[PDB]
Amino acid sequence: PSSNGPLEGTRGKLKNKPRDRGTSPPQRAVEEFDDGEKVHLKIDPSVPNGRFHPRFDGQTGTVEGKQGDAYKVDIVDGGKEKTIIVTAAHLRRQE
Amino acid sequence: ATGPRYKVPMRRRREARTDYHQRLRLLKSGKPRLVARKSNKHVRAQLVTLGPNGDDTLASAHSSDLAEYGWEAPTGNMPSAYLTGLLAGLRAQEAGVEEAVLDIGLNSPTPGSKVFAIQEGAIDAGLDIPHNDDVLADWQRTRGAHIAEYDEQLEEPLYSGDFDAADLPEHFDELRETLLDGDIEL
Amino acid sequence: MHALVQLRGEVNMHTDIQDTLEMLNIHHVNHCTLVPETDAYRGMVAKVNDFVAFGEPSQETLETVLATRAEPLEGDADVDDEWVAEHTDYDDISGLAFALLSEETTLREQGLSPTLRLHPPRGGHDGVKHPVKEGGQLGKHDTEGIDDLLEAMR
Amino acid sequence: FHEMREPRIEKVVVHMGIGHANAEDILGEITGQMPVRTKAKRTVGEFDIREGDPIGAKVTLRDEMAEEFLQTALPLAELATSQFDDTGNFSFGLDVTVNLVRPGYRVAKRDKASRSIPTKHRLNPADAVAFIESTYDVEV
Amino acid sequence: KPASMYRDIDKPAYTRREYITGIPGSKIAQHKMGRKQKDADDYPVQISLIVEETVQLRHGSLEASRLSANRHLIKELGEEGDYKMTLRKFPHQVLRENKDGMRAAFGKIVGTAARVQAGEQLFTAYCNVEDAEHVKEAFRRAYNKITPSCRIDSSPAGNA
RNA sequence: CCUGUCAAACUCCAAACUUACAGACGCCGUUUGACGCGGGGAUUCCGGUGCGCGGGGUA
RNA sequence: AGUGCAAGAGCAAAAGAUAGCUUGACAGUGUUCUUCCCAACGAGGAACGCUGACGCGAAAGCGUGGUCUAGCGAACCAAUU
RNA sequence: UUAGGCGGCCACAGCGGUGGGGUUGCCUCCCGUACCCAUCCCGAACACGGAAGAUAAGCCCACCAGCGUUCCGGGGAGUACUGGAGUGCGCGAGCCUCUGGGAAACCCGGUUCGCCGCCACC
Ligand SMILES: [Cl-]
Ligand SMILES: [Cl-]
Ligand SMILES: [Mg+2]
Ligand SMILES: [Mg+2]
Ligand SMILES: [Mg+2]
Ligand SMILES: [Mg+2]
Ligand SMILES: [Mg+2]
Ligand SMILES: [Mg+2]
Ligand SMILES: [Mg+2]
Ligand SMILES: [Mg+2]
Ligand SMILES: [Mg+2]
Ligand code: NA
Ligand code: NA
Ligand code: NA
Ligand code: NA
Ligand code: NA
Ligand code: NA
């Protein structure tokens, strides 16, 4: 990479297909998850806050409590365990 | 509309019925919304909660089902508003609901307006709702004092159908009195 | 139920392909195993397709091979009718074989090594640089194609 | 059908597009209510670089205030065809514009469930000429 | 310079002019020849020159062959004969040349070329059954000025 | 309207494929203790080649 | 379109425009990610909390500077609170 | 739901178009400014008070496919591309065979003129 900032190489994953453009529905920005629940991590291009580092887009972690309104999701980056601060807006229940 | 790339607003935004930016701030309290809506001849008050497939209304009141308790007056004014809120609040209280946040939809937060009235009644029913007393109308205008004093400048009855001549804010007191009683059929 | 026979060595074969052959209990060239025809297994042999010879053997053939090359989970003990009878849920090789093809049991469940260590093909095989449709000995075979091979490796 | 379809005057806006006012006095007296300063946008070589700054004034009249202004304004003009909008509006003259439309126009001006007016229910130059022409003056 | 330096299609597609500057102009004089005012359907015979190998043809080459072909037709059918030939391909691919050693080797812009996939028709002529042999001879000359071997394929025309 | 072509820094589309988690089968571990944790000792940080995909370069 | 500046991306009852008011560009202390994928490593950055004190708003709520990714600096020593 | 309120999915719901529907019921338009409130000017809007009138708007109901969108058939196409294998071919560029996957455009014919949840309600 010519630079190493967080949004480097994210042109695709952090952009919306023209039609999904605009403010997102509130329903999923308010979803409540319970500790232990498996959730898929995907940043919503339309929601600025509550995001995590783009590298984790695609992960499927486990909710293990929260911080403020955001959730604390445990994931394993390669062989390393990490905890990710992320709001529901960028989460979907597995299954 | 125009092409594959065209963006169509959410249905309820097309219909200009739901302010989604507000709906979000609203849902954040995690409490039930006290939906206060108006009509030319009526005033509605619903207690809504979130649901897997849409909102759930746990308890509501309509100015039309007010008469069912004695209301013989019109149904699109302050006294009517307060009362409709109170009734809903009571049913709400019955349903097991205790707190709520005021969702006034696309209405304006004008001081003393009817939504706030709907909020006052609901509050008086024993429901906890974040509010601001000095944004509510003074007790009298709630009773309908402003209307009576308007019929005072009579010369012609303010009311077509025969419901008093100088009007009766008392009927309001009588109706509130009725609701506040613990025998009423909710 | 297909018979799997590794015909190409490990040197240079992808690790993930070698690891599969290993999960299918084959660790040496000319080693054969009996695999059920399930979705999970099909995926595996499809992946091993270029270094193996597989197909559904005829009842007789299976019997000839089980007799000649089957072994207990431990030891030399010849797996013959009498052995089969005294140690398995069947009366004789034919009984065992029929159960294998019908996929009602496996060589392990009956106390047999999952692998049939065959002998080099007498008369040689058709080459390991081409598949069956090109005259090679690699890939899927006819029940008659598989039998000729298994029988030559008897 | 006709009643909730027959034209009416929604507003008569009268403004003077000067360019830098002392003219507000006349619009107030000529109409009957206060005027409104008119700022401009973008910078212009005509020493009109200032974005937000007094440049004109206007008055939006509705109801009687509007008619009582037309019962004198209209007379001072020779209305013509081309001078008409596609929606059935028109402006003559000191500018004087007249907005014409049918009953339930509030549908598109309110806040809740607002909606644009169906073309069929929109006004027309013809229907416009008619309505007005039928009130103390001549068309083309 | 030899076409051996550019006839292969292995470098990335290099066409974005919003990022490339100093691109020489094309030497191709015209793409449509003959009676361009007429329609291709007004002709009974349609013959195309099909490239047999996927390659890159430098603009000087397209012009060199297009020229030698039309020039033949003009000579056989007159400067206004009843025919119309088309060079359907355009030289979008920009070419470089590193002209320091392999240091800072990214080359400078020196030309352009057209990428043609084998099987495609480079040239297409439309004529009357009588001039079919001239148009065939024109193509026999055109393919002698481009890298690949070609097929002079006749399409609408069962007049043999 | 018709007609002629394109894109590493275009996309109305769109694979194979790679990838997170879970289940199942397989294989493996529970005296051969896996997975994991803590500690001692390194060597190593001139690599090369084939194949696939590459970027540069006439090569 | 606009949104201070590369480029890519976000945004329409707004994240833009206008108006008004205001100083959360606040003090203290953390959790987590990043810097350094995996996989150890400082300064720096960010996300997300809590405690305290505030601003706005009817209220939910928003404000841990600028819509997001650049705008940064150890020990010793000095000055400063 | 003989016309309502709050939503979920967020065009299968968009764009355009046709027909139908409301005496004390509903939603509206509509009527009207003493008040709460309001327009940097206008009761236009916002807010309040109200029924003389109306179904022309909106809205609800029924329906049309020309455009846009969703999905499906048949064809394009098992084509293009591609994961695994080859002492197969080719000067080479590259191609081919076997095995496991598999488009896109476009054409023709269907589908789509929203679906679903909670509440209230002759
Ligand atoms: Cl993170
Ligand atoms: Cl409302
Ligand atoms: Mg990319
Ligand atoms: Mg043994
Ligand atoms: Mg021999
Ligand atoms: Mg051989
Ligand atoms: Mg990759
Ligand atoms: Mg911010
Ligand atoms: Mg020093
Ligand atoms: Mg200092
Ligand atoms: Mg109608
Ligand atoms: Na969105
Ligand atoms: Na140099
Ligand atoms: Na040639
Ligand atoms: Na740090
Ligand atoms: Na001003
Ligand atoms: Na109507």
# chains A, B, ... in the order shown; residues from 1 in each chain; ligands from 1
$ residues_around --residues "residue 184 (chain B)" --least-positions-apart "4" --cutoff "12 Å" --atoms "only C-alpha atoms (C1' of nucleotides)" --output "ChimeraX atom specification"
/B:68-70,87,90-91,94,175-180
$ residues_around --residues "residue 78 (chain C)" --least-positions-apart "4" --cutoff "9 Å" --atoms "only C-alpha atoms (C1' of nucleotides)" --output "number ranges by chain"
C: 67-72, 83
$ write_last_selection --atoms "N, CA, C and O atoms" --output "PDB file, in the first residue's frame"
ATOM      1  N   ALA C  67     -10.528 -60.668   1.051  1.00  0.00           N
ATOM      2  CA  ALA C  67      -9.907 -61.908   1.447  1.00  0.00           C
ATOM      3  C   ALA C  67      -8.412 -61.673   1.439  1.00  0.00           C
ATOM      4  O   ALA C  67      -7.754 -61.675   2.474  1.00  0.00           O
ATOM      5  N   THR C  68      -7.902 -61.424   0.245  1.00  0.00           N
ATOM      6  CA  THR C  68      -6.490 -61.210   0.010  1.00  0.00           C
ATOM      7  C   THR C  68      -5.772 -60.062   0.742  1.00  0.00           C
ATOM      8  O   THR C  68      -4.631 -60.239   1.174  1.00  0.00           O
ATOM      9  N   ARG C  69      -6.410 -58.900   0.897  1.00  0.00           N
ATOM     10  CA  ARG C  69      -5.724 -57.769   1.531  1.00  0.00           C
ATOM     11  C   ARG C  69      -6.342 -57.088   2.748  1.00  0.00           C
ATOM     12  O   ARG C  69      -5.863 -56.028   3.155  1.00  0.00           O
ATOM     13  N   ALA C  70      -7.390 -57.647   3.338  1.00  0.00           N
ATOM     14  CA  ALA C  70      -7.956 -56.999   4.525  1.00  0.00           C
ATOM     15  C   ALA C  70      -7.138 -57.416   5.755  1.00  0.00           C
ATOM     16  O   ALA C  70      -6.510 -58.481   5.761  1.00  0.00           O
ATOM     17  N   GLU C  71      -7.127 -56.580   6.790  1.00  0.00           N
ATOM     18  CA  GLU C  71      -6.366 -56.895   7.997  1.00  0.00           C
ATOM     19  C   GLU C  71      -7.094 -56.443   9.228  1.00  0.00           C
ATOM     20  O   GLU C  71      -7.928 -55.548   9.175  1.00  0.00           O
ATOM     21  N   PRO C  72      -6.776 -57.055  10.371  1.00  0.00           N
ATOM     22  CA  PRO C  72      -7.437 -56.662  11.618  1.00  0.00           C
ATOM     23  C   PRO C  72      -6.948 -55.263  11.956  1.00  0.00           C
ATOM     24  O   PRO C  72      -6.027 -54.756  11.328  1.00  0.00           O
ATOM     25  N   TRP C  83     -12.417 -65.961  10.188  1.00  0.00           N
ATOM     26  CA  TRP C  83     -12.059 -64.767  10.952  1.00  0.00           C
ATOM     27  C   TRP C  83     -13.282 -63.867  10.996  1.00  0.00           C
ATOM     28  O   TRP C  83     -13.723 -63.439  12.065  1.00  0.00           O
TER      29      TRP C  83
END
$ interface_residues --of "chain C" --to "chain F" --cutoff "9 Å" --atoms "only C-alpha atoms (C1' of nucleotides)" --output "ChimeraX atom specification"
/C:20,22-25,38,40-41
$ select_by_dssp --residues "chain D" --states "strand (DSSP E or B)" --output "PyMOL selection string"
chain D and resi 8-16+36-38+44+48+56-61+84+90-92+95-101
$ write_last_selection --atoms "N, CA and C atoms" --output "PDB file, in the first residue's frame"
ATOM      1  N   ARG D   8     -59.014  30.684  -7.996  1.00  0.00           N
ATOM      2  CA  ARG D   8     -59.040  31.672  -6.931  1.00  0.00           C
ATOM      3  C   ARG D   8     -57.636  32.245  -6.833  1.00  0.00           C
ATOM      4  N   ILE D   9     -57.508  33.389  -6.173  1.00  0.00           N
ATOM      5  CA  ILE D   9     -56.206  34.018  -6.018  1.00  0.00           C
ATOM      6  C   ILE D   9     -55.570  33.587  -4.707  1.00  0.00           C
ATOM      7  N   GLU D  10     -54.398  32.967  -4.801  1.00  0.00           N
ATOM      8  CA  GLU D  10     -53.688  32.524  -3.612  1.00  0.00           C
ATOM      9  C   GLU D  10     -52.809  33.635  -3.059  1.00  0.00           C
ATOM     10  N   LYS D  11     -52.069  34.298  -3.939  1.00  0.00           N
ATOM     11  CA  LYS D  11     -51.208  35.383  -3.504  1.00  0.00           C
ATOM     12  C   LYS D  11     -50.797  36.286  -4.652  1.00  0.00           C
ATOM     13  N   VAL D  12     -50.545  37.542  -4.310  1.00  0.00           N
ATOM     14  CA  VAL D  12     -50.107  38.535  -5.271  1.00  0.00           C
ATOM     15  C   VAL D  12     -48.843  39.131  -4.673  1.00  0.00           C
ATOM     16  N   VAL D  13     -47.702  38.744  -5.225  1.00  0.00           N
ATOM     17  CA  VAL D  13     -46.422  39.232  -4.743  1.00  0.00           C
ATOM     18  C   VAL D  13     -45.995  40.438  -5.566  1.00  0.00           C
ATOM     19  N   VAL D  14     -45.686  41.532  -4.879  1.00  0.00           N
ATOM     20  CA  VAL D  14     -45.245  42.757  -5.533  1.00  0.00           C
ATOM     21  C   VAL D  14     -43.842  43.102  -5.050  1.00  0.00           C
ATOM     22  N   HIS D  15     -42.888  43.125  -5.975  1.00  0.00           N
ATOM     23  CA  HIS D  15     -41.507  43.420  -5.618  1.00  0.00           C
ATOM     24  C   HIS D  15     -40.773  44.313  -6.615  1.00  0.00           C
ATOM     25  N   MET D  16     -39.724  44.969  -6.125  1.00  0.00           N
ATOM     26  CA  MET D  16     -38.898  45.852  -6.936  1.00  0.00           C
ATOM     27  C   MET D  16     -37.457  45.350  -6.869  1.00  0.00           C
ATOM     28  N   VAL D  36     -40.345  43.079   2.377  1.00  0.00           N
ATOM     29  CA  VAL D  36     -39.299  42.179   2.831  1.00  0.00           C
ATOM     30  C   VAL D  36     -38.012  42.421   2.071  1.00  0.00           C
ATOM     31  N   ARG D  37     -36.931  42.651   2.804  1.00  0.00           N
ATOM     32  CA  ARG D  37     -35.635  42.878   2.184  1.00  0.00           C
ATOM     33  C   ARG D  37     -35.328  41.699   1.269  1.00  0.00           C
ATOM     34  N   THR D  38     -34.520  41.936   0.245  1.00  0.00           N
ATOM     35  CA  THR D  38     -34.177  40.881  -0.692  1.00  0.00           C
ATOM     36  C   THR D  38     -32.674  40.792  -0.920  1.00  0.00           C
ATOM     37  N   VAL D  44     -21.111  39.383  -8.295  1.00  0.00           N
ATOM     38  CA  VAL D  44     -21.252  39.892  -9.648  1.00  0.00           C
ATOM     39  C   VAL D  44     -20.319  41.071  -9.909  1.00  0.00           C
ATOM     40  N   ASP D  48     -21.680  44.001  -7.323  1.00  0.00           N
ATOM     41  CA  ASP D  48     -22.657  43.285  -6.521  1.00  0.00           C
ATOM     42  C   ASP D  48     -21.978  42.001  -6.064  1.00  0.00           C
ATOM     43  N   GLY D  56     -33.401  44.223  -2.884  1.00  0.00           N
ATOM     44  CA  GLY D  56     -34.777  44.377  -3.309  1.00  0.00           C
ATOM     45  C   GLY D  56     -35.730  44.159  -2.156  1.00  0.00           C
ATOM     46  N   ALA D  57     -37.019  44.304  -2.427  1.00  0.00           N
ATOM     47  CA  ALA D  57     -38.040  44.116  -1.412  1.00  0.00           C
ATOM     48  C   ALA D  57     -39.262  43.495  -2.070  1.00  0.00           C
ATOM     49  N   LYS D  58     -40.106  42.858  -1.268  1.00  0.00           N
ATOM     50  CA  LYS D  58     -41.301  42.230  -1.803  1.00  0.00           C
ATOM     51  C   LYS D  58     -42.412  42.220  -0.773  1.00  0.00           C
ATOM     52  N   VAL D  59     -43.621  41.954  -1.249  1.00  0.00           N
ATOM     53  CA  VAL D  59     -44.785  41.886  -0.388  1.00  0.00           C
ATOM     54  C   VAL D  59     -45.671  40.789  -0.934  1.00  0.00           C
ATOM     55  N   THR D  60     -46.046  39.859  -0.066  1.00  0.00           N
ATOM     56  CA  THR D  60     -46.902  38.756  -0.462  1.00  0.00           C
ATOM     57  C   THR D  60     -48.289  39.003   0.118  1.00  0.00           C
ATOM     58  N   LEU D  61     -49.243  39.278  -0.766  1.00  0.00           N
ATOM     59  CA  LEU D  61     -50.610  39.557  -0.353  1.00  0.00           C
ATOM     60  C   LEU D  61     -51.533  38.366  -0.563  1.00  0.00           C
ATOM     61  N   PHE D  84     -48.537  34.676 -19.920  1.00  0.00           N
ATOM     62  CA  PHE D  84     -49.054  33.695 -18.980  1.00  0.00           C
ATOM     63  C   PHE D  84     -48.173  32.481 -18.737  1.00  0.00           C
ATOM     64  N   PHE D  90     -49.291  34.551 -13.938  1.00  0.00           N
ATOM     65  CA  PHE D  90     -48.856  35.636 -14.808  1.00  0.00           C
ATOM     66  C   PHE D  90     -48.281  36.784 -13.994  1.00  0.00           C
ATOM     67  N   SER D  91     -47.373  37.531 -14.611  1.00  0.00           N
ATOM     68  CA  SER D  91     -46.736  38.664 -13.956  1.00  0.00           C
ATOM     69  C   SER D  91     -46.649  39.851 -14.921  1.00  0.00           C
ATOM     70  N   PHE D  92     -47.059  41.026 -14.449  1.00  0.00           N
ATOM     71  CA  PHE D  92     -47.026  42.235 -15.272  1.00  0.00           C
ATOM     72  C   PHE D  92     -46.359  43.396 -14.539  1.00  0.00           C
ATOM     73  N   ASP D  95     -42.549  44.967 -10.153  1.00  0.00           N
ATOM     74  CA  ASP D  95     -43.166  43.699 -10.546  1.00  0.00           C
ATOM     75  C   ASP D  95     -44.390  43.329  -9.715  1.00  0.00           C
ATOM     76  N   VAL D  96     -45.393  42.778 -10.386  1.00  0.00           N
ATOM     77  CA  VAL D  96     -46.623  42.337  -9.743  1.00  0.00           C
ATOM     78  C   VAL D  96     -46.956  40.952 -10.287  1.00  0.00           C
ATOM     79  N   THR D  97     -46.915  39.948  -9.419  1.00  0.00           N
ATOM     80  CA  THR D  97     -47.207  38.587  -9.841  1.00  0.00           C
ATOM     81  C   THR D  97     -48.465  38.087  -9.146  1.00  0.00           C
ATOM     82  N   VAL D  98     -49.259  37.312  -9.878  1.00  0.00           N
ATOM     83  CA  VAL D  98     -50.501  36.764  -9.346  1.00  0.00           C
ATOM     84  C   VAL D  98     -50.507  35.239  -9.434  1.00  0.00           C
ATOM     85  N   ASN D  99     -50.660  34.597  -8.281  1.00  0.00           N
ATOM     86  CA  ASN D  99     -50.676  33.144  -8.202  1.00  0.00           C
ATOM     87  C   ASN D  99     -52.114  32.621  -8.178  1.00  0.00           C
ATOM     88  N   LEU D 100     -52.462  31.818  -9.179  1.00  0.00           N
ATOM     89  CA  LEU D 100     -53.804  31.255  -9.282  1.00  0.00           C
ATOM     90  C   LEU D 100     -53.795  29.736  -9.132  1.00  0.00           C
ATOM     91  N   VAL D 101     -54.803  29.206  -8.448  1.00  0.00           N
ATOM     92  CA  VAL D 101     -54.902  27.767  -8.234  1.00  0.00           C
ATOM     93  C   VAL D 101     -56.296  27.363  -7.746  1.00  0.00           C
TER      94      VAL D 101
END
$ residues_around --residues "residue 64 (chain G)" --least-positions-apart "2" --cutoff "12 Å" --atoms "only C-alpha atoms (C1' of nucleotides)" --output "ChimeraX atom specification"
/G:24-27,46-50
$ write_last_selection --atoms "C-alpha atoms (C1' of nucleotides)" --output "PDB file, in the first residue's frame"
ATOM      1  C1'   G G  24     -18.335  19.525  24.864  1.00  0.00           C
ATOM      2  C1'   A G  25     -12.187  22.557  21.057  1.00  0.00           C
ATOM      3  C1'   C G  26     -14.518  21.264  29.121  1.00  0.00           C
ATOM      4  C1'   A G  27     -11.759  18.642  33.852  1.00  0.00           C
ATOM      5  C1'   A G  46      -9.359   6.896  16.786  1.00  0.00           C
ATOM      6  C1'   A G  47     -13.733   4.431  18.574  1.00  0.00           C
ATOM      7  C1'   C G  48     -16.619   3.708  22.876  1.00  0.00           C
ATOM      8  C1'   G G  49     -17.657   4.476  28.286  1.00  0.00           C
ATOM      9  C1'   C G  50     -17.755   6.283  33.319  1.00  0.00           C
TER      10        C G  50
END
$ residues_near_ligand --ligand "ligand 14" --cutoff "7 Å" --atoms "only C-alpha atoms (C1' of nucleotides) and all ligand atoms" --output "number ranges by chain"
E: 143-150
$ write_last_selection --atoms "C-alpha atoms" --output "CSV table (one decimal), in the first residue's frame"
chain,number,residue,atom,x,y,z
E,143,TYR,CA,-2.9,-8.5,-44.1
E,144,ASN,CA,0.7,-8.3,-45.4
E,145,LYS,CA,1.1,-5.2,-43.3
E,146,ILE,CA,-0.1,-6.4,-39.9
E,147,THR,CA,1.4,-9.0,-37.5
E,148,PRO,CA,-1.1,-11.9,-37.7
E,149,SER,CA,-2.1,-14.2,-40.4
E,150,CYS,CA,-5.7,-13.6,-41.5
$ residues_around --residues "residue 15 (chain H)" --least-positions-apart "2" --cutoff "9 Å" --atoms "only C-alpha atoms (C1' of nucleotides)" --output "list in words"
residues 1 and 2 of chain B; 67 and 68 of chain H
$ residues_around --residues "residue 85 (chain H)" --least-positions-apart "6" --cutoff "12 Å" --atoms "only C-alpha atoms (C1' of nucleotides)" --output "ChimeraX atom specification"
/C:8,13-14,17,46-52,128-131,136,138-139 /H:97-100
$ residues_around --residues "residue 67 (chain G)" --least-positions-apart "3" --cutoff "10 Å" --atoms "only C-alpha atoms (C1' of nucleotides)" --output "ChimeraX atom specification"
/A:48-49 /G:3,10-11,15
$ write_last_selection --atoms "C-alpha atoms (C1' of nucleotides)" --output "PDB file, in the first residue's frame"
ATOM      1  CA  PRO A  48     -20.738   7.136  10.310  1.00  0.00           C
ATOM      2  CA  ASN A  49     -20.477   6.107  13.979  1.00  0.00           C
TER       3      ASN A  49
ATOM      4  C1'   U G   3     -19.832  20.045   2.925  1.00  0.00           C
ATOM      5  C1'   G G  10     -20.644   9.487   3.655  1.00  0.00           C
ATOM      6  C1'   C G  11     -24.800  12.906   3.689  1.00  0.00           C
ATOM      7  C1'   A G  15     -23.898  15.651   7.638  1.00  0.00           C
TER       8        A G  15
END
$ residues_near_ligand --ligand "ligand 13" --cutoff "10 Å" --atoms "only C-alpha atoms (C1' of nucleotides) and all ligand atoms" --output "MDAnalysis selection string"
chainID E and resid 100:101 103:104
$ write_last_selection --atoms "C-alpha atoms" --output "short mmCIF file (atom, residue, chain, number, x, y, z; two decimals), in the first residue's frame"
data_model
loop_
_atom_site.label_atom_id
_atom_site.label_comp_id
_atom_site.auth_asym_id
_atom_site.auth_seq_id
_atom_site.Cartn_x
_atom_site.Cartn_y
_atom_site.Cartn_z
CA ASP E 100 19.51 5.50 -15.99
CA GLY E 101 19.20 1.79 -16.78
CA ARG E 103 16.30 2.55 -12.60
CA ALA E 104 13.07 4.57 -12.83
#
$ atom_distance --atom1 "CA of residue 69 (chain D)" --atom2 "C1' of residue 44 (chain H)"
17.5 Å
$ residues_near_ligand --ligand "ligand 2" --cutoff "8 Å" --atoms "only C-alpha atoms (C1' of nucleotides) and all ligand atoms" --output "list in words"
residues 36, 37, 38, 39, 104, 105, 106 and 107 of chain B; 112 of chain D
$ residues_near_ligand --ligand "ligand 4" --cutoff "12 Å" --atoms "only C-alpha atoms (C1' of nucleotides) and all ligand atoms" --output "list in words"
residues 69, 70, 71, 72, 73, 74, 75, 76, 77, 78, 111, 112, 113, 114, 115, 116 and 117 of chain C
$ interface_residues --of "chain G" --to "chain D" --cutoff "12 Å" --atoms "only C-alpha atoms (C1' of nucleotides)" --output "PyMOL selection string"
chain G and resi 13+17-18
$ closest_residue --among "C:148, C:142, C:134, C:126" --to "chain H" --atoms "only C-alpha atoms (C1' of nucleotides)"
C:134
$ residues_near_ligand --ligand "ligand 15" --cutoff "9 Å" --atoms "only C-alpha atoms (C1' of nucleotides) and all ligand atoms" --output "ChimeraX atom specification"
/G:34-35,42-45
